[PDB]
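Asks: Before I ask anything, here is the structure I am working with.
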Amino acid sequence: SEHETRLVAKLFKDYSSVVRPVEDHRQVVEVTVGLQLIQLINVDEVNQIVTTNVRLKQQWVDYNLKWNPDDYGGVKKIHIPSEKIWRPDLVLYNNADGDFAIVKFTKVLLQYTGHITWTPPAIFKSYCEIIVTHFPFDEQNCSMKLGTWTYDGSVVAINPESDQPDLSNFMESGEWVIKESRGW
Amino acid sequence: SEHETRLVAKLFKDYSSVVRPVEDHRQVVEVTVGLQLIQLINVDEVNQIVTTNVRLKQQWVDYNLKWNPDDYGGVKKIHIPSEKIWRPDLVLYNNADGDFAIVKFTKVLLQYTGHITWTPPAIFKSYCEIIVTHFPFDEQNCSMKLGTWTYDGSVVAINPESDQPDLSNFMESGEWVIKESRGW
Amino acid sequence: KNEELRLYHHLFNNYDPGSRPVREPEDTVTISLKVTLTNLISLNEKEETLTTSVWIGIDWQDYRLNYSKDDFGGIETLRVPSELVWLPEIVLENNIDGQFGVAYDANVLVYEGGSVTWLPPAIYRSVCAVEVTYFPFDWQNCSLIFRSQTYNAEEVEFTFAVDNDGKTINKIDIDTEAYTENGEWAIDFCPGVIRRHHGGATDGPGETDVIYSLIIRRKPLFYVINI
Amino acid sequence: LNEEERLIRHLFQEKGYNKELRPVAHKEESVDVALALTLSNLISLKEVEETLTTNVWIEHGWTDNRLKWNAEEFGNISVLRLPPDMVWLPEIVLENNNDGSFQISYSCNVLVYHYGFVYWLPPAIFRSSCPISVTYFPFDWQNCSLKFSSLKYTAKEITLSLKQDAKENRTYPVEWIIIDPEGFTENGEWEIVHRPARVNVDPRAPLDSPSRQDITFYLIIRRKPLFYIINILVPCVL
Amino acid sequence: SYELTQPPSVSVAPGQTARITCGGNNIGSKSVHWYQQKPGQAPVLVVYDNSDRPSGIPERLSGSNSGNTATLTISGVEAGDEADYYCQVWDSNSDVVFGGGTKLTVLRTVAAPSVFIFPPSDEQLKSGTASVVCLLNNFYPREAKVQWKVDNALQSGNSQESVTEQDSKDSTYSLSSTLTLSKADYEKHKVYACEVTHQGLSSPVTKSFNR
Amino acid sequence: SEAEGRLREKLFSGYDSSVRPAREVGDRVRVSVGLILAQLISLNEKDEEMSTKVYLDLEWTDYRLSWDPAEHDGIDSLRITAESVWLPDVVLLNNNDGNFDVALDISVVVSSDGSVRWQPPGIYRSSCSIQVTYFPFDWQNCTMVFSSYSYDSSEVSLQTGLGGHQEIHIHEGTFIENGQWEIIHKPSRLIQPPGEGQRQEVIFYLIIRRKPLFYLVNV
Amino acid sequence: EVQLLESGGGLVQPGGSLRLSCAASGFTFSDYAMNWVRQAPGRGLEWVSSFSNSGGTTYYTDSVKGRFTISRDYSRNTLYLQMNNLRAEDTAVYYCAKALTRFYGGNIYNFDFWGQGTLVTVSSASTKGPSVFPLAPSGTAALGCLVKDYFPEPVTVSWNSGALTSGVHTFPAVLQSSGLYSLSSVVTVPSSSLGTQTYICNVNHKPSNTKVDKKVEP
Ligand SMILES: *[C@@H]1O[C@H](CO)[C@@H](O[C@@H]2O[C@H](CO)[C@@H](O[C@@H]3O[C@H](CO[C@H]4O[C@H](CO)[C@@H](O)[C@H](O)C4O)[C@@H](O)[C@H](O[C@H]4O[C@H](CO)[C@@H](O)[C@H](O)[C@@H]4O)[C@@H]3O)[C@H](O)[C@H]2NC(C)=O)[C@H](O)[C@H]1NC(C)=O
Ligand SMILES: CC(C)CCC[C@@H](C)[C@H]1CC[C@H]2[C@@H]3CC=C4C[C@@H](O)CC[C@]4(C)[C@H]3CC[C@]12C
Ligand SMILES: *[C@@H]1O[C@H](CO)[C@@H](O)[C@H](O)[C@H]1NC(C)=O
Ligand SMILES: *[C@@H]1O[C@H](CO)[C@@H](O)[C@H](O)[C@H]1NC(C)=O
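Keeping their order, the protein sequence lines are chains C, A, B, D, G, E and F.
Under PDB author numbering, residues 1 to 184 are what the first sequence spells out, in order.
Under PDB author numbering, residues 1 to 184 are what the second sequence spells out, in order.
Under PDB author numbering, residues 1 to 227 are what the third sequence spells out, in order.
Under PDB author numbering, residues 1 to 238 are what the fourth sequence spells out, in order.
Under PDB author numbering, residues 20 to 230 are what the fifth sequence spells out, in order.
Under PDB author numbering, residues 1 to 163, 168 to 199, 206 to 229 are what the sixth sequence spells out, in order.
Under PDB author numbering, residues 32 to 169, 176 to 255 are what the seventh sequence spells out, in order.
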């Protein structure tokens, strides 16, 4: 599609992935964060580490990545490498011994309104206080604390997509049953 | 140095590593392939995988990488990074859980005639039918199928360097004795 | 002068691998898929992980890479690095180790008429929930789920490749001559199915994937003799 | 964010910033680098492998006068978030690793303030050599160390110091590993007794040696022997 | 200050060979590069390292280097080789040094100008000025003189000449002479002409009009 | 740093880090190779491999990287990232895990005479055939064979590092002693090719005696 | 397909500043030293600056040292030249040029590809758009248009929306004593076609964003 090629050339002609993507610097980048739990891979009770497979959906508006579809053959959405654009630097604060940040830089879906959806996969290894008093009849409440590592709330604001994590695509666990899940 | 710096600068001006290195597309790239076995690392009977340390000597001629030594202070051979030039895409067809192709991109020795010798190392993990009927008095016959993954014989021809693998620098194993070896 | 260089410059001087090969945005790219299994490495019951070695045959049409052999000295095929052409970005969705992509980024073959073929090999470690009830006299149903990581069903769709006679290969392909059976696992069945879902009005854009079902049988001789 | 776009243009494209060069007026000067260590969690101490696995956030503070600006000339901006590979870094590494992972794990953004101060808090998973004294096992205590230094720069080029905190307009050095009292989850087998921090200077080494200086964060950890007691010692003794 | 020295102009007939020299102290020990710049176009590397030719450059352009002179040889001079040719070297103390470019001129046969004359339109006269433009189209050689006559009086200090470069198809020249006057001066006299003198004309040719 | 920046600009002009420094064809690059043993991590008898943590000590001359300190503010030495300069392709030939390279490239130290000193760290897993006859009252002979992977003897000539002590250097205070092995001998030797594609080697030998108290108590 | 698009050139007063940019495509931007080479109007080529990824080094000619800064964009394949304290001697067409080598310098150093460049004009004079005056004709006829009273350069003249290319001659601009540029664009056609065929001159002055199109008839 030559329209998409011309559009991508236009958008990234004078684009900066370093600057936060809104018009005025006093404004706050509003990011919606949602967690999808695909699989609870393992609970290591000795080292107190819960390993899970997750998708970290991040939604935000980029002010400068907007276009009129009529000017570009009706192209309303495109797929852009995530490395080319500014992103929030979400980090699992209570990471035990895994990756701190997203290392799988999949493509973002960019709409003509400047809306970006980025749904990278990750293997989260989080530190969970394991109470072994009632083992093997034990119940374990394990958390995943996510935040922008280098941006404070006055420059980047994160909001939950939903009150609960998305478990619609959760694979059945042969060792654990998730009775309750919730984001705060 | 100065002569070689000038030579290396001029050799790669209009060079393309994409197309095959022949004057005419109807020609065939003749590649001599010789396997050197440095060590028999392991024979995993359960998973039927033989791990070996190898050097995969590959020799061919790049038509466009030629020069007259008299024009360059008598420089007759040089060493250049292998990532910069076209190479054959040799793959271990019966790879079990290792690397399919060469991943250690060591330097190639280039002569003024265009002759390239490239001798990268590799850890071959090859799938071998393991007959445990006579264990521990069992004899095995583990093969390593090598071939150009994307090039057929009409565009790239591979020929053995010798009838046998090179065992000159083979480390003696404390669990196996190589009774016979041969390339076909 | 090599005619391959002239063909390469003709095709790729003005070409965008980031854009889908469609004349209009609403058109869909059809991808012909085959999956060939070379080795079943293992099934780790403790980790519930199936380790397999495969190579995936992916064929499609790129009208932007269209050329006739008569205009380029009779060249019927051109090998180029896969990074230079658009790819549908097929990944194993149900991998357990976080490795979504292929093991070796082999060259794509561009044939005359705009036909593009990519045959990269891969080592996959996939999720397989182990039904334990009759272990070691057990059989498993390990899924291999392939999908585009980027594109929805309206952007990229899947079809199964056809054999020489035109019969649809709706299964994992196995070369009998080169195939060595796993020491503990026999592959009894391997059907494939192309699923389409999330096409509802509320859902919006349709999604599609291809699921292969390796029905494998344990050979219990070790457990019988030793335990 | 036209204002910080203009500020980045002014800092890096107008003034010609060279990240390969240290921020010093003359070569003989040394860049002061203040270090602090926060222990997010003590992952493990493998006795057989003699390896301590830790999650640590390494706070670096230094001054780069080339990255100064007047805030009221740039929309009152007082801080910037820049990629770490856009600015000279005092490359500190864990010298006494035993797996080859010398460097921090996640290369996060640096924070650059208008008065030239660069703050950088990379987190890292580190696997370090901790020789094990087995004499009193399972009633043993160990003395592990995390030794941080620079292999790219010597004491001539950077000076390592401990982070300095303030209380009631009185400055004091931070001579311990920082642990959040609320957020820290104690290891299930090891209790931290002492956690000092020290700047070590070898007088015998030359100034142009990487071994001249280091900052070591020590963990004195006591084993909680309840598991071994209940499962091994009482049955064996009886 | 290595100071590569080049001749400002080299002239040759079609089919002959042009030799563009670049002088320097011990330039034979240096690598000399040659760039071609067409009129109103970016320079193009035509030779590098004293003899090598980039792909897509005709084989009729070659180079040599010896002693205190490097040479660019252009054989079989076509009608589209008119360009400025620059030599270039690098020195440890002088950095990148270019030569004062050499213009290549094709020495074709004599062709006489086509003369036209254009009085000002009413659109310009509404603005308070009068520009009389007379045009000499497709002539060779460049040496030509245009003289503005107003009632048998030669003009001076109130005319401007503009000359094009050699055309890429026929290597001819075009010239334009513009006489600009205030409207009071233009109305103050009646007959306006320009006289063209050029060696290809047997005698000077006048184009005249009455306002 | 303005003087250092100017000197770097002078030194990197016309410099190709992939080209071996030979002022004339036939000139050989003399590379002195030494080893500092930071830790003897282990000797795995099952896998027959010695795990060590070391600092190489590689010294050579690159004539292109020379300058006069009088014209560069009296600067007599520079520290330059290793990837920016030509390096000898010196690797551990007898690695067991397929890892040939150093753990971190770090920086070389370049003197005004063109002398380049490079001390990269390395975590190495080297092949060691185990003499099992007297285990656990055994002593082993684990070698570390270092050589150029590509350049031959006609291009890069090796010699043992010294300043002459032909030995692995162990710093007495900072050495991480192993609880199971005692280092008896630690020499180093330059091995010539058998008398053009031929390559020298520098072999560092670690003759180590096991300390068998565990097996006395437990077996 | 190697391509170097320069932008950011234009009019600036003496002592002002200006950022030229060069967007590069078709090659690995980090594998070749990048350069700025200027050409003053009617003068020869003059190397201005070079940026080399080998060691992160920058090089400048003496006349611009301390005034010009060459840099590259952190993310995009874009080369920048920030110019400050501009004099009348800096007026020129600035070309962005790729070298054959990743390093700056050495005897082999040459510029294997060039961009079309950007004009930078340093002058206190203000911008003004052209005033078109058709040259009405009074056996081949000649017609044309007289672009006058414009500043700075250039003005681009086309005929019949680009359909007429044969026989066109657009002359070099000439500086008047008033300090303003003017040129004439002419075409010769058969005299028989004057009454039957329409001839229109389209003048475009980008510095002032003027697009005056004038029809020419006797
Ligand atoms: C090995 O594994 C494979 C993969 O899991 C097995 O093949 C799949 O088997 C499942 C059932 O286990 C089957 O799911 C069924 O799908 C159909 C079709 O779904 C479509 O249509 C229904 C309407 O007809 C829509 O409701 C749905 O949105 C849609 O797209 C369903 O009709 C069917 O429902 C029936 O069974 C349910 C219980 O499983 C029951 O709750 C329901 O009321 C109804 O009776 C199933 O959901 C997959 O389609 C199969 N194929 C694929 C490609 O996954 C295979 O059988 C396994 N082999 C062995 C030997 O066990
Ligand atoms: C015969 C009975 C006492 C059982 C045998 C007990 C043996 C194994 C002894 C040896 C060392 C002892 C421990 C040493 C120290 C303490 C003190 C205090 O922290 C509670 C008890 C505790 C933890 C002891 C429990 C009993 C103990 C484990
Ligand atoms: C390719 O081009 C040929 C010639 O125009 C045409 O016949 C053919 O249909 C085209 N097919 C495509 C778009 O691949
Ligand atoms: C910054 O704050 C000062 C007051 O401290 C105010 O005078 C000034 O206008 C502010 N600048 C901007 C751009 O808001």
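From the three backbone atoms N, C-alpha and C, an ideal C-beta is built for every residue, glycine too.
Of the residues B:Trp185, B:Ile227, B:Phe222, B:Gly199, which one's Cα is nearest the Cα of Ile216 (chain B)?
Replies: To locate residue 216 (chain B), count along the third sequence from 1; it is residue 216. It is B:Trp185.
Asks: For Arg196 (chain B), does the count of other Cβ atoms within 10 angstroms reach 16, so buried, or fall short, so exposed?
Replies: To locate residue 196 (chain B), count along the third sequence from 1; it is residue 196. It counts as exposed.
Asks: Whose Cβ in chain D lies nearer than 7 angstroms to the Cβ of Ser102 (chain F)?
Replies: Stepping through the seventh sequence from its first residue, residue 102 (chain F) is reached at position 71. Chain D residues near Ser102 (chain F): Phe12, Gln13, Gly16.
Asks: Going by DSSP in three states, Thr38 (chain D) sits in which element: helix, strand or coil?
Replies: What you label residue 38 (chain D) is simply residue 38 of the fourth sequence in a count that begins at 1. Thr38 (chain D): strand per DSSP, three-state reduction.
Asks: Would you tell me roughly how many angstroms separate the C-alpha atoms of residue 272 (chain G) and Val124 (chain F), rounded to the nearest one?
Replies: As displayed, chain G neither begins before 20 nor continues past 230, which places residue 272 (chain G) out of reach and without an answer.
Asks: Quick check on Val211 (chain F) - is its C-beta less than 9 angstroms from some C-beta in chain G?
Replies: Taking the first residue of the seventh sequence as 1, we reach residue 211 (chain F) at position 174. Yes, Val211 (chain F) counts as interfacial toward chain G.
Asks: Going along the stretch 14-31 of chain E in order, which residues come within less than 9 angstroms of chain A, judged by CB to CB distance?
Replies: Taking 9 angstroms as the Cβ-Cβ cut-off against chain A, the residues of the stretch 14-31 of chain E that qualify are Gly14, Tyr15, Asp16, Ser18, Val19, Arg20, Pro21, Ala22, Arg23, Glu24, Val25, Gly26, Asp27.
Asks: Assign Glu162 (chain G) to buried or exposed, taking buried as 16 or more other Cβ atoms, counted over all protein chains shown, within 10 Å of its Cβ.
Replies: Reading the fifth sequence from its first residue, position 143 is the one you call residue 162 (chain G). Exposed, because fewer than 16 other Cβ atoms sit within 10 Å of the Cβ of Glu162 (chain G).
Asks: Counting C-beta neighbours from all protein chains within 10 Å, is the total for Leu40 (chain E) 16 or more, i.e. buried, or is it exposed?
Replies: Here residue 40 (chain E) refers to the residue found at position 40 of the sixth sequence. It is buried - the Cβ of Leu40 (chain E) has at least 16 other Cβ atoms within 10 Å.
Asks: Who are the Cβ neighbours of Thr51 (chain C) in its own chain at under 6 angstroms, not counting the five residues just before and after it?
Replies: Locating residue 51 (chain C) in the first sequence gives position 51, counting from the first residue. Only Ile41, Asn42, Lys125 meet the Cβ criterion.
Asks: Answer yes or no: the CB of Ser68 (chain B) versus the heavy atoms of ligand 3, is any distance below 8 angstroms?
Replies: Residue 68 (chain B) sits at position 68 when you count from the first residue of the third sequence. Within the cutoff, so yes.
Asks: What do you reckon, are the CB atoms on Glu83 (chain A) and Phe105 (chain A) nearer than 9 angstroms?
Replies: To locate residue 83 (chain A), count along the second sequence from 1; it is residue 83. To locate residue 105 (chain A), count along the second sequence from 1; it is residue 105. For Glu83 (chain A) and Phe105 (chain A), yes; Cβs fall inside 9 angstroms.
Asks: Please identify, using Cβ separations under 8 angstroms, the residues of the stretch 150-169 of chain D that lie next to chain E, in order along the chain.
Replies: Under the 8 angstroms Cβ criterion, the stretch 150-169 of chain D contributes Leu151, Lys152, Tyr153, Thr154, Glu157.
Asks: Would you check whether ligand 1 has a heavy atom nearer than 8 angstroms to the C-beta of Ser126 (chain B)?
Replies: Counting from one through the third sequence, the residue named residue 126 (chain B) turns up at place 126. No.
Asks: Can you look up residue 306 (chain B) in the DSSP assignment and give me helix, strand or coil?
Replies: Any property of residue 306 (chain B) remains undetermined from this structure, which presents chain B solely from 1 to 227.
Asks: Helix, strand or coil, according to DSSP, for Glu29 (chain D) in the structure here?
Replies: Translated into positions along the fourth sequence, residue 29 (chain D) becomes position 29. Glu29 (chain D) falls in the coil class under three-state DSSP.
Asks: Nearest chain G C-beta to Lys66 (chain A) closer than 9 angstroms, yes or no?
Replies: Numbered from 1 along the second sequence, position 66 holds the residue referred to as residue 66 (chain A). Judged by the 9 angstroms Cβ criterion, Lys66 (chain A) is not in contact with chain G.
Asks: Would you check if the distance between the CB atom of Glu50 (chain D) and the CB atom of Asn97 (chain D) is smaller than 9 angstroms?
Replies: In the fourth sequence, counting from the first residue as 1, residue 50 (chain D) sits at position 50. In the fourth sequence, counting from the first residue as 1, residue 97 (chain D) sits at position 97. Going by C-beta atoms, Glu50 (chain D) is not nearer than 9 angstroms to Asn97 (chain D).
Asks: Excluding the 5 residues flanking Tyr127 (chain A) on each side, which residues of the same chain have their C-beta closer than 8 angstroms to its C-beta?
Replies: Sequence index remark: in the second sequence, residue 127 (chain A) carries index 127 (1-based). Counting only Cβ-Cβ distances below 8 angstroms, and skipping sequence neighbours, we find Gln48, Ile49, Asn94, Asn95, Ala96.
Asks: My output table needs one value for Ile225 (chain B): the three-state DSSP class, helix, strand or coil.
Replies: The residue labelled residue 225 (chain B) in the question sits at position 225 within the third sequence. It is helical.
Asks: Kindly say whether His175 (chain E), judged by its beta-carbon, lies nearer than 9 angstroms to any beta-carbon of chain D.
Replies: Start at 1 with the first residue of the sixth sequence, and residue 175 (chain E) comes out as number 171. With 9 angstroms as the cut-off, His175 (chain E) counts as an interface residue toward chain D.
Asks: Closer than 8 angstroms, Cβ to any Cβ of chain F: which residues of the stretch 18-29 of chain D, in chain order?
Replies: Answer in chain order: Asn18, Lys19, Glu20.
Asks: Tell me which same chain residues have a C-beta within less than 7 angstroms of the C-beta of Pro161 (chain F), skipping the five on either side of it?
Replies: The sequence position of residue 161 (chain F) within the seventh sequence is 130, counting from 1. These residues qualify, in order along the chain: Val184, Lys185, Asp186, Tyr187, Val192, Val240, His242, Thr247, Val249.
Asks: Would you say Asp14 (chain A) faces chain G, with C-beta separation under 9 angstroms as the test?
Replies: Along the second sequence, one-based indexing puts residue 14 (chain A) at 14. Answer yes: the Cβ-Cβ gap between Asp14 (chain A) and chain G drops below 9 angstroms somewhere.
Asks: Does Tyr63 (chain B) pass the burial test, meaning 16 or more other C-beta atoms within 10 Å, or should it be called exposed?
Replies: The residue labelled residue 63 (chain B) in the question sits at position 63 within the third sequence. Under this definition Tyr63 (chain B) is an exposed residue.
Asks: Are the stretch 3-19 of chain D and the stretch 168-179 of chain B touching, with three or more C-beta to C-beta distances below 8 angstroms?
Replies: These segments do not touch.
Asks: Please report whether the beta-carbon of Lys107 (chain A) lies at a distance below 9 angstroms from any beta-carbon of chain F.
Replies: Start at 1 with the first residue of the second sequence, and residue 107 (chain A) comes out as number 107. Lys107 (chain A) does not count as touching chain F.
Asks: Using a threshold of 8 angstroms, is the CB atom of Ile215 (chain B) nearer than that to any non-hydrogen atom of ligand 6?
Replies: No copy of ligand 6 appears in this structure; the ligands present are ligand 1, ligand 2, ligand 3 and ligand 4.
Asks: Distance check for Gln60 (chain G) and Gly86 (chain G), CA to CA, integer angstroms please.
Replies: In the fifth sequence, residue 86 (chain G) corresponds to position 67, counting from 1. In the fifth sequence, residue 60 (chain G) corresponds to position 41, counting from 1. C-alpha separation (whole angstroms): 32 angstroms.
Asks: Among residues of its own chain, excluding the 5 on either side of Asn94 (chain E), which ones have a beta-carbon nearer than 6 angstroms to its beta-carbon?
Replies: Counting from 1 along the sixth sequence, the entry for residue 94 (chain E) is found at position 94. Result list for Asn94 (chain E): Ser126, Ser127, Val145, in chain order.
Asks: Please list the residues of the stretch 76-100 of chain F that have a C-beta atom closer than 8 angstroms to any C-beta atom in chain D, keeping them in chain order.
Replies: Here the close residues are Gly86, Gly87, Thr89, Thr100.
Asks: Hey, quick one: how far does the alpha helix (DSSP H) through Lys10 (chain C) stretch, first residue to last?
Replies: For this step, residue 10 (chain C) is matched to residue 10 along the first sequence. That run of the alpha helix (DSSP H) goes 2-11.
Asks: Sorry if obvious, but does the Cβ on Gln61 (chain B) come closer than 8 angstroms to a heavy atom of ligand 3?
Replies: What you label residue 61 (chain B) is simply residue 61 of the third sequence in a count that begins at 1. The answer is yes for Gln61 (chain B).
Asks: If you reduce the DSSP assignment to three classes, tell me which class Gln142 (chain D) lands in.
Replies: What you label residue 142 (chain D) is simply residue 142 of the fourth sequence in a count that begins at 1. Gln142 (chain D) falls in the strand class under three-state DSSP.
Asks: Would you say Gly75 (chain D) reaches chain E, if we count a Cβ-Cβ gap shorter than 9 angstroms as a contact?
Replies: Counted from its first residue, the fourth sequence places residue 75 (chain D) at position 75. No, because no Cβ of chain E sits closer than 9 angstroms to the Cβ of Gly75 (chain D).
Asks: Report yes or no: is there a C-beta of chain G within less than 9 angstroms of the C-beta of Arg6 (chain A)?
Replies: Sequence index remark: in the second sequence, residue 6 (chain A) carries index 6 (1-based). So, interface residue.
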